$ cat protein.cif   # mmCIF, C-alpha atoms; chains and numbers go by the auth columns
data_protein
#
loop_
_atom_site.group_PDB
_atom_site.id
_atom_site.type_symbol
_atom_site.label_atom_id
_atom_site.label_comp_id
_atom_site.label_asym_id
_atom_site.label_seq_id
_atom_site.Cartn_x
_atom_site.Cartn_y
_atom_site.Cartn_z
_atom_site.B_iso_or_equiv
_atom_site.auth_seq_id
_atom_site.auth_asym_id
ATOM 1 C CA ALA A 1 -139.857 55.383 134.047 0.00 26 V
ATOM 2 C CA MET A 2 -136.563 55.948 132.313 0.00 27 V
ATOM 3 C CA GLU A 3 -135.291 53.723 135.096 0.00 28 V
ATOM 4 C CA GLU A 4 -137.999 51.096 134.537 0.00 29 V
ATOM 5 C CA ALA A 5 -137.066 50.942 130.865 0.00 30 V
ATOM 6 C CA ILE A 6 -133.380 50.574 131.666 0.00 31 V
ATOM 7 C CA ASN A 7 -134.243 47.772 134.123 0.00 32 V
ATOM 8 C CA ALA A 8 -136.331 46.012 131.469 0.00 33 V
ATOM 9 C CA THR A 9 -133.377 46.187 128.996 0.00 34 V
ATOM 10 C CA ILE A 10 -131.031 44.847 131.667 0.00 35 V
ATOM 11 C CA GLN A 11 -133.481 42.018 132.346 0.00 36 V
ATOM 12 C CA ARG A 12 -133.921 41.250 128.639 0.00 37 V
ATOM 13 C CA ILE A 13 -130.115 40.988 128.137 0.00 38 V
ATOM 14 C CA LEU A 14 -129.529 38.840 131.192 0.00 39 V
ATOM 15 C CA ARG A 15 -132.748 36.781 130.724 0.00 40 V
ATOM 16 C CA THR A 16 -133.768 37.267 134.367 0.00 41 V
ATOM 17 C CA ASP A 17 -136.829 38.504 136.251 0.00 42 V
ATOM 18 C CA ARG A 18 -134.805 39.414 139.310 0.00 43 V
ATOM 19 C CA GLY A 19 -135.335 42.895 140.654 0.00 44 V
ATOM 20 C CA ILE A 20 -132.823 45.526 139.472 0.00 45 V
ATOM 21 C CA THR A 21 -131.577 48.268 141.825 0.00 46 V
ATOM 22 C CA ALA A 22 -129.187 51.158 141.464 0.00 47 V
ATOM 23 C CA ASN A 23 -126.594 49.718 143.923 0.00 48 V
ATOM 24 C CA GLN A 24 -126.071 46.483 141.943 0.00 49 V
ATOM 25 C CA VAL A 25 -122.612 45.964 140.532 0.00 50 V
ATOM 26 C CA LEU A 26 -123.116 44.917 136.873 0.00 51 V
ATOM 27 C CA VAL A 27 -120.410 42.289 136.930 0.00 52 V
ATOM 28 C CA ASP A 28 -120.244 41.138 140.577 0.00 53 V
ATOM 29 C CA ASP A 29 -123.978 41.189 141.331 0.00 54 V
ATOM 30 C CA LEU A 30 -125.787 40.716 137.992 0.00 55 V
ATOM 31 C CA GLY A 31 -123.185 38.657 136.139 0.00 56 V
ATOM 32 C CA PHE A 32 -122.532 40.944 133.188 0.00 57 V
ATOM 33 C CA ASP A 33 -119.555 39.960 131.086 0.00 58 V
ATOM 34 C CA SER A 34 -117.896 41.945 128.319 0.00 59 V
ATOM 35 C CA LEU A 35 -120.351 40.789 125.621 0.00 60 V
ATOM 36 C CA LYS A 36 -123.405 41.606 127.783 0.00 61 V
ATOM 37 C CA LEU A 37 -122.005 45.009 128.709 0.00 62 V
ATOM 38 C CA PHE A 38 -121.499 45.748 124.997 0.00 63 V
ATOM 39 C CA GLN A 39 -125.096 44.685 124.419 0.00 64 V
ATOM 40 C CA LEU A 40 -126.262 46.965 127.207 0.00 65 V
ATOM 41 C CA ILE A 41 -124.500 50.073 125.887 0.00 66 V
ATOM 42 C CA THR A 42 -125.523 49.539 122.270 0.00 67 V
ATOM 43 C CA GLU A 43 -129.140 48.510 123.145 0.00 68 V
ATOM 44 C CA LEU A 44 -129.539 51.708 125.186 0.00 69 V
ATOM 45 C CA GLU A 45 -128.011 53.834 122.433 0.00 70 V
ATOM 46 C CA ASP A 46 -130.537 52.382 120.017 0.00 71 V
ATOM 47 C CA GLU A 47 -133.471 52.402 122.496 0.00 72 V
ATOM 48 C CA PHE A 48 -133.027 55.981 123.579 0.00 73 V
ATOM 49 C CA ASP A 49 -131.394 57.337 120.390 0.00 74 V
ATOM 50 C CA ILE A 50 -128.394 58.448 122.402 0.00 75 V
ATOM 51 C CA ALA A 51 -124.623 57.992 122.307 0.00 76 V
ATOM 52 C CA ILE A 52 -122.383 56.974 125.159 0.00 77 V
ATOM 53 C CA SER A 53 -118.647 57.597 124.905 0.00 78 V
ATOM 54 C CA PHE A 54 -116.314 54.631 125.137 0.00 79 V
ATOM 55 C CA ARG A 55 -114.705 56.308 128.152 0.00 80 V
ATOM 56 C CA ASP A 56 -118.036 56.612 129.987 0.00 81 V
ATOM 57 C CA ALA A 57 -118.991 53.064 129.060 0.00 82 V
ATOM 58 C CA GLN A 58 -115.601 51.893 130.492 0.00 83 V
ATOM 59 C CA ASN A 59 -116.337 53.653 133.748 0.00 84 V
ATOM 60 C CA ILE A 60 -119.876 52.237 134.276 0.00 85 V
ATOM 61 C CA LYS A 61 -119.788 49.917 137.274 0.00 86 V
ATOM 62 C CA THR A 62 -123.271 49.915 138.835 0.00 87 V
ATOM 63 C CA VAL A 63 -126.852 49.996 137.654 0.00 88 V
ATOM 64 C CA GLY A 64 -126.976 53.575 138.991 0.00 89 V
ATOM 65 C CA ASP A 65 -124.074 54.593 136.689 0.00 90 V
ATOM 66 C CA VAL A 66 -126.182 53.256 133.771 0.00 91 V
ATOM 67 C CA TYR A 67 -129.145 55.433 134.919 0.00 92 V
ATOM 68 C CA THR A 68 -127.065 58.602 135.116 0.00 93 V
ATOM 69 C CA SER A 69 -125.441 57.847 131.699 0.00 94 V
ATOM 70 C CA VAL A 70 -128.894 57.847 130.112 0.00 95 V
ATOM 71 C CA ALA A 71 -130.302 60.643 132.368 0.00 96 V
ATOM 72 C CA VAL A 72 -127.860 63.171 130.922 0.00 97 V
ATOM 73 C CA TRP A 73 -129.777 62.964 127.636 0.00 98 V
ATOM 74 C CA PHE A 74 -133.156 63.784 129.309 0.00 99 V
#

$ encode --input "protein.cif" --output "structure tokens"
Amino acid sequence: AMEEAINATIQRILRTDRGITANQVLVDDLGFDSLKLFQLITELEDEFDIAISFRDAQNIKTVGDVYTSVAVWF
């Protein structure tokens, strides 16, 4: 639900219909680069009306880490 929305945002940014799962490494598995990671953080801040610290954004490695970064607000 929250997760489905995060997956949709991930898919929109990467322009893919591939399935998204919590174990996927953003860079190694999904092909995020620095621009697309910036898009992800800022899109989610705007989508969910939340804020994610730079430090936490730095430390996000997997899809699951993205879920728990948003989950803390809900």

$ atom_distance --input "protein.cif" --atom1 "atom CA of residue V:80" --atom2 "atom CA of residue V:43"
28.5 Å

$ atom_distance --input "protein.cif" --atom1 "atom CA of residue V:29" --atom2 "atom CA of residue V:66"
16.1 Å

$ resolve_selection --input "protein.cif" --expression "the PyMOL selection byres ((chain V and resi 81) around 12)" --output "MDAnalysis selection string"
chainID V and resid 66 76:80 82:86 90:91 93:95 97

$ atom_distance --input "protein.cif" --atom1 "atom CA of residue V:99" --atom2 "atom CA of residue V:71"
14.9 Å

$ resolve_selection --input "protein.cif" --expression "the PyMOL selection byres ((chain V and resi 47-55) around 6)" --output "PyMOL selection string"
chain V and resi 46+56-57+86-89

$ write_last_selection --input "protein.cif" --atoms "C-alpha atoms" --output "compact mmCIF listing (two decimals), in the coordinates of the input"
# COMPACT_ATOMS: atom_id res chain seq x y z
CA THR V 46 -131.58 48.27 141.82
CA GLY V 56 -123.18 38.66 136.14
CA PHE V 57 -122.53 40.94 133.19
CA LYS V 86 -119.79 49.92 137.27
CA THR V 87 -123.27 49.92 138.84
CA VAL V 88 -126.85 50.00 137.65
CA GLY V 89 -126.98 53.58 138.99

$ resolve_selection --input "protein.cif" --expression "the PyMOL selection byres ((chain V and resi 73) around 10)" --output "VMD selection string"
chain V and resid 27 30 to 31 67 to 72 74 to 76 95 98 to 99

$ closest_residue --input "protein.cif" --among "V:26, V:38, V:45, V:33" --to "residue V:65" --atoms "only C-alpha atoms"
V:38

$ axis_aligned_box --input "protein.cif" --around "stretch 44-61 of chain V" --padding-each-side "4 Å" --output "JSON"
{"center_x": -126.6, "center_y": 44.9, "center_z": 134.8, "size_x": 25.4, "size_y": 20.5, "size_z": 26.3}

$ build_atoms --input "protein.cif" --residues "stretch 71-87 of chain V" --atoms "N, CA and C atoms" --output "mmCIF file, in the frame of the given file"
data_model
loop_
_atom_site.group_PDB
_atom_site.id
_atom_site.type_symbol
_atom_site.label_atom_id
_atom_site.label_comp_id
_atom_site.auth_asym_id
_atom_site.auth_seq_id
_atom_site.Cartn_x
_atom_site.Cartn_y
_atom_site.Cartn_z
ATOM 1 N N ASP V 71 -129.469 52.536 120.987
ATOM 2 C CA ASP V 71 -130.537 52.382 120.017
ATOM 3 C C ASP V 71 -131.923 52.691 120.605
ATOM 4 N N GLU V 72 -132.157 52.251 121.840
ATOM 5 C CA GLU V 72 -133.471 52.402 122.496
ATOM 6 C C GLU V 72 -133.806 53.847 122.732
ATOM 7 N N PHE V 73 -132.823 54.596 123.173
ATOM 8 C CA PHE V 73 -133.027 55.981 123.579
ATOM 9 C C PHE V 73 -132.562 56.970 122.532
ATOM 10 N N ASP V 74 -132.002 56.486 121.425
ATOM 11 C CA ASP V 74 -131.394 57.337 120.390
ATOM 12 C C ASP V 74 -130.385 58.298 121.016
ATOM 13 N N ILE V 75 -129.467 57.705 121.769
ATOM 14 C CA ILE V 75 -128.394 58.448 122.402
ATOM 15 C C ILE V 75 -127.058 57.839 121.992
ATOM 16 N N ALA V 76 -125.996 58.471 122.477
ATOM 17 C CA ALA V 76 -124.623 57.992 122.307
ATOM 18 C C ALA V 76 -123.923 58.082 123.627
ATOM 19 N N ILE V 77 -123.156 57.045 123.949
ATOM 20 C CA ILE V 77 -122.383 56.974 125.159
ATOM 21 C C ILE V 77 -120.919 56.797 124.736
ATOM 22 N N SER V 78 -120.033 57.608 125.316
ATOM 23 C CA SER V 78 -118.647 57.597 124.905
ATOM 24 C C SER V 78 -118.043 56.274 125.355
ATOM 25 N N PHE V 79 -116.968 55.852 124.695
ATOM 26 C CA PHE V 79 -116.314 54.631 125.137
ATOM 27 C C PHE V 79 -115.830 54.835 126.584
ATOM 28 N N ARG V 80 -115.303 56.019 126.857
ATOM 29 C CA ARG V 80 -114.705 56.308 128.152
ATOM 30 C C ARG V 80 -115.764 56.157 129.265
ATOM 31 N N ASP V 81 -116.918 56.728 129.019
ATOM 32 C CA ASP V 81 -118.036 56.612 129.987
ATOM 33 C C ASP V 81 -118.494 55.188 130.115
ATOM 34 N N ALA V 82 -118.617 54.466 128.992
ATOM 35 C CA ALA V 82 -118.991 53.064 129.060
ATOM 36 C C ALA V 82 -118.021 52.268 129.905
ATOM 37 N N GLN V 83 -116.701 52.475 129.680
ATOM 38 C CA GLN V 83 -115.601 51.893 130.492
ATOM 39 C C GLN V 83 -115.849 52.030 131.987
ATOM 40 N N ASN V 84 -116.245 53.229 132.367
ATOM 41 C CA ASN V 84 -116.337 53.653 133.748
ATOM 42 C C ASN V 84 -117.643 53.229 134.423
ATOM 43 N N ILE V 85 -118.617 52.692 133.684
ATOM 44 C CA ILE V 85 -119.876 52.237 134.276
ATOM 45 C C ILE V 85 -119.636 50.984 135.108
ATOM 46 N N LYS V 86 -120.005 51.043 136.389
ATOM 47 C CA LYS V 86 -119.788 49.917 137.274
ATOM 48 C C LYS V 86 -121.100 49.368 137.857
ATOM 49 N N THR V 87 -121.998 50.276 138.249
ATOM 50 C CA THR V 87 -123.271 49.915 138.835
ATOM 51 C C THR V 87 -124.449 50.224 137.946
#
